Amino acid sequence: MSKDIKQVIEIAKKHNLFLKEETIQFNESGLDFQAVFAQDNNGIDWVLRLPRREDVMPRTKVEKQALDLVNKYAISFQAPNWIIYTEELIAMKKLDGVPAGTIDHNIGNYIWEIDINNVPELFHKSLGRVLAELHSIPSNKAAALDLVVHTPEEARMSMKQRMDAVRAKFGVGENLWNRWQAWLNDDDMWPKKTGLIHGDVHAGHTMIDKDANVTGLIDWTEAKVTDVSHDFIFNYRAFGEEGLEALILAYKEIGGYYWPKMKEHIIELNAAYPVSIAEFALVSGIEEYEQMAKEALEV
């Protein structure tokens, strides 16, 4: 670790970031980069990304564009701001608060910061406000966005195509497939509006204060303009129908896009969860996700 800590210090120093050596901690990271936490000489907490792959700029372009949008328009939540952004180092000040929960991959569930048997209503109220603000950001006003952008019709067709791709790469259980198709063909259930979404909203990416207000969102790699419903799935899976309704309520009442079958639609999107597991398996290539997909897909 001494080896790595000296390199971190050297790399940071090279970008005029001066760290307290004894605060440097390494996260268990993936195949794109190594996340490092450290405090600087001014007393400010930082998050560093040490790149593990080539072509950092092309691979981060979309995420940076999303961050640029959110930092430009949003006030109800913090998002990362890459003050240092090079092929050798990406660094940003740590957002306030702590993750609402962190995934333990052994048990296949969260280690919660909040009381899962008594979820504070402020979590839903604040996340509702946050998502409402995010999803109303006028991404159309940008001159050269490289984000995926769907009209409502395109969002529906995207799911249709993604599902076919999964029926054909993994094969899909008959019963599961037919529920999906019934969903796709229900014109009235589908949203008639899209917006800029985070795309990976879950407890590990929602920073909360001591009162469980969502004060920030991290990890914007999945940002795009599409069905807003993806940002509600976490609430349903973690908190059940009550948590989903609570989020929809707050969102609707502060001006978020709402339609009569929104809840039903999100529940159907949840039933399509296997599509995402299958895709991450295909992409990452990891057996657990493979089998997880295989089970989820009911093959």
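Throughout, we count residues from 1 along the sequence that is shown.
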Return whichever of 239-247 and 270-278 has the greater mean Cα B factor according to the PDB record. 270-278
Assert higher mean C-alpha B factor (204-212 or 167-175, deposited values) equals 167-175
Looking at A182, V130, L147, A79, which has the highest Cα B-factor in the entry? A182
Kindly indicate the residue among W46, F234, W259, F26 with the greatest C-alpha B-factor in the PDB record. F26
Within this chain, which third does the Cα B-factor at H105 fall in: lowest, middle or highest? highest
Going by the entry, which third of its chain does the Cα temperature factor of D227 land in? lowest
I254 - Cα temperature factor, lowest/middle/highest third of chain: middle
So where's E63 on the chain's Cα temperature factor ranking, which third? lowest
Could you say whether, by C-alpha temperature factor, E153 belongs to the lowest, middle or highest third of its chain? middle
